[PDB]
Amino acid sequence: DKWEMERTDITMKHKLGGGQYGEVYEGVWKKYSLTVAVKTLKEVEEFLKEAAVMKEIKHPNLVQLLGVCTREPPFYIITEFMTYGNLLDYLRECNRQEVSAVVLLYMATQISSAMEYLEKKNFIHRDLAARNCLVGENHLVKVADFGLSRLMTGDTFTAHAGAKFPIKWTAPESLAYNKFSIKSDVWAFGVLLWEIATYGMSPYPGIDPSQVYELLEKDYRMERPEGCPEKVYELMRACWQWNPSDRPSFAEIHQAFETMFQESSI
Ligand SMILES: CCn1nccc1-c1c[nH]c2ncc(-c3ccc(N)c(C(=O)N(C)C)c3)cc12
């Protein structure tokens, strides 16, 4: 197809993000003199499914596929390079006078726009967090999308026996029953909002992940971050409803943040 590329079109450099994303490398697309990101493999069928899924993703706030090398090993998935790295590090290291309250709303609007698209197109993320959001010039935020899965919106997925999750971002139904849906992404988005409001603080600070579920089932939720608007915190708490069906859709969340962003600008 139009996606299939020669492997030699790309010059590979060093592993990006300190290796936290696995075999993902900075690279040069020589023809265009363009810095790109390249995921390689050095499981096969999982990798090639990722390549297949990425071909169908087209949204301003989801990392764009540029091409693939899927004929013979080594296999490549080639995407745009996000110059400022991930949102977690960006928030921690930023100039807060430049990255102000309106910018935080702008970033939340972008992420929710992407998540509304996945909600519309029957995709599930399963690992929404600041570390999996990527930053470009002018506070452009794109959701990392290698591991997106096909799942009709409303349907559920059961994780494998002995699967380990990032507990502090993980919905109660996922922790207890390994159940994932678009509504568990909504929960994770709530935790992501908390990350944004605190400029990249660790969720449930000082609380060991092994004790988080027990707090959640006793009705504990993180308190409102300093400087966070009441309206934004009420959205967080709505994302953290125990019952998945009680949580808002990403369509409703995006509409709320778009309104808040527009009013903050005016
Ligand atoms: C498809 C989405 N995805 N899933 C995993 C990785 C990517 C990704 C795509 N394009 C990317 N472009 C950049 C980065 C990235 C992230 C963190 C970093 N510290 C760095 C970095 O070292 N510098 C030089 C800024 C680079 C990650 C990705």
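Reading guide: rules and limits
Residues numbered from 1 in each chain as written, not as in the entry; some residues may be left out. Heavy atoms only, no water. Residues with missing side-chain atoms left out of burial classes, pairs and counts. Helix = DSSP H or I, 4+ residues; strand = E, 2+ residues; numbered from the N terminus. Expected span 1.5 Å × (residues − 1). Buried < 20%, exposed > 50% of the residue type's maximum accessible area, 1.4 Å probe, protein only. UniProt positions renumbered as here; feature names shortened; annotations may be inferred. Contact = heavy atoms within 4.5 Å.

For this deposition, the record names X-ray crystallography as the technique by which the model was determined and cites 2.02 Å as its resolution.

Novice: Can you walk me through helix α3 (residues 101–120) in this structure?
Specialist: Every α-helix winds through 3.6 residues per turn, so residues three or four apart in the chain are directed the same way. If you check α3, its first and last C-alpha atoms are 28 Å apart, about what 20 residues at 1.5 Å a residue would give, namely 28 Å. The element α3 is extensively covered by neighbouring structure, given that 15 of its 20 residues are classed as buried. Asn 122 sits one or two residues past α3 and shows a positive phi near 60°.

Novice: I'm lost on helix α5 (residues 182–197) in this one. Help?
Specialist: Look at α5: 23 Å from first C-alpha to last across 16 residues, which is about the 22 Å you get at 1.5 Å a residue. By the criterion of burial, α5 is predominantly enclosed, with 16 of the 16 residues buried. Phi for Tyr 199, located one or two positions after α5, is positive at around 55°.

Novice: What am I meant to see in the UniProt feature "active site" in the chain here?
Specialist: The positions that UniProt labels "active site" are, in the present scheme, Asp 127. With respect to the secondary-structure elements, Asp 127 resides in the loop between β6 (123–124) and β7 (133–135). Residue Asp 127 is classed as partly exposed on the basis of its relative accessible area, which comes to 30%. Residues in contact with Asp 127, not counting those within four places in the same chain, are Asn 132 and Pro 166.

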